[PDB]
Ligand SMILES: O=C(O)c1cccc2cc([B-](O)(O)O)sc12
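The chain below stands alone and is given as structure tokens, in the form solved without the named molecule.
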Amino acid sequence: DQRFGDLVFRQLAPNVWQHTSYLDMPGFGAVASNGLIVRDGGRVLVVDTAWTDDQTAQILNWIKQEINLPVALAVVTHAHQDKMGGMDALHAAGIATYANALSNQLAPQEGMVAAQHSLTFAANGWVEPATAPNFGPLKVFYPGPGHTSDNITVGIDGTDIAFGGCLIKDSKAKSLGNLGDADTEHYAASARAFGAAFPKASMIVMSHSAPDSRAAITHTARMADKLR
């Protein structure tokens, strides 16, 4: 781990890092949220903001110091603060931003700023490619409703990594957590669909646990079976 101001950065692969930021949730402590940073040749791609604009600007500062290449785009994985709270910092920096169309629709009511561009998805869950131009190795998949109605997931081609966002918890998790906007009926199937979309991913990254094996997916789905 690298502590950089109030954030933590961890290299996961030669061209992939996890960013971690924290917010006090009165009654729950200082809650960590993870996202990703990917170098694709001469540019950088970001998955998820930090909780705040100031923290997100710090992610960009870390990128400047540790990678020193332009950030071509960011994709955010649903309309909650941990994933979209720093949109204005991305826009101030001139970075093109993307989210599920449904996340952009929900953003104002959730207290978020919408991304500039909307992703749409085929019936099988894969992003419609025209809506995710220049995404390089980022493979975006809508697994179905689960943690939220709008949650999306991202695989990183050329690596063994897939990012479940807030949909997936690690294999030792006692409970799922953060179920306020969850689709309890469909959660298990959506977790399993994420796994099936990225069958070769042996490192599962997620918002509220450290990286784990694919047991994160099976355990999450088994936990979600109890919601039905």
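When you see a residue number, it is the position in the sequence shown, counting from 1. We call the rigid core the largest set of C-alpha positions that still match within 1.5 Å between the two forms. Residues that one form lacks are left out of the comparison.
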Please compare 155-163 with 47-55 and name the stretch with the higher mean C-alpha B-factor in the deposited structure. 155-163
So which stretch wins on mean C-alpha B-factor, 20-28 or 205-213? 20-28
81, 97, 77, 109, ranked by C-alpha B-factor: the highest one: 109
Among the chain's modelled residues, which third holds the C-alpha B-factor of residue 103? lowest
Chain-relative CA temperature factor third for residue 138: middle
Going by what the PDB entry lists, where does residue 127 fall on CA B-factor within its chain: lowest, middle or highest third? middle
With respect to C-alpha B-factor, does residue 61 fall in the lowest, middle or highest third of the chain as deposited? middle
Residue 199: C-alpha B-factor third of its chain, per the entry, is the highest
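The following text describes the form solved in complex with the named molecule, which does not appear among the structures shown.
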Exactly one stretch in 136-144, 95-103, 80-88, 119-127 has heavy atoms within 4.5 Å of the named molecule in the bound PDB entry; which is it? 80-88
By the heavy atom within 4.5 Å rule, which residue out of 63, 36, 166, 201 makes contact with the named molecule in the bound PDB entry? 166
Give a yes or no on whether each residue among 171, 194 and 222 has a heavy atom within 4.5 Å of the named molecule in the bound PDB entry. no
Is there a heavy atom of residue 23 lying 4.5 Å or less from a heavy atom of the named molecule in the bound PDB entry? yes
Heavy atoms within 4.5 Å of the named molecule in the bound PDB entry: does residue 208 have any? yes
Should residue 159 be classed as touching the named molecule in the bound PDB entry when contacts are defined as heavy atoms within 4.5 Å? no
Large Cα move at residue 42 between this form and the one not shown, threshold 2 Å, rigid core: no
Once both forms are overlaid on the core, stretches between this form and the one not shown of 3 or more residues with C-alpha shifts of 2 Å or more: 24-29
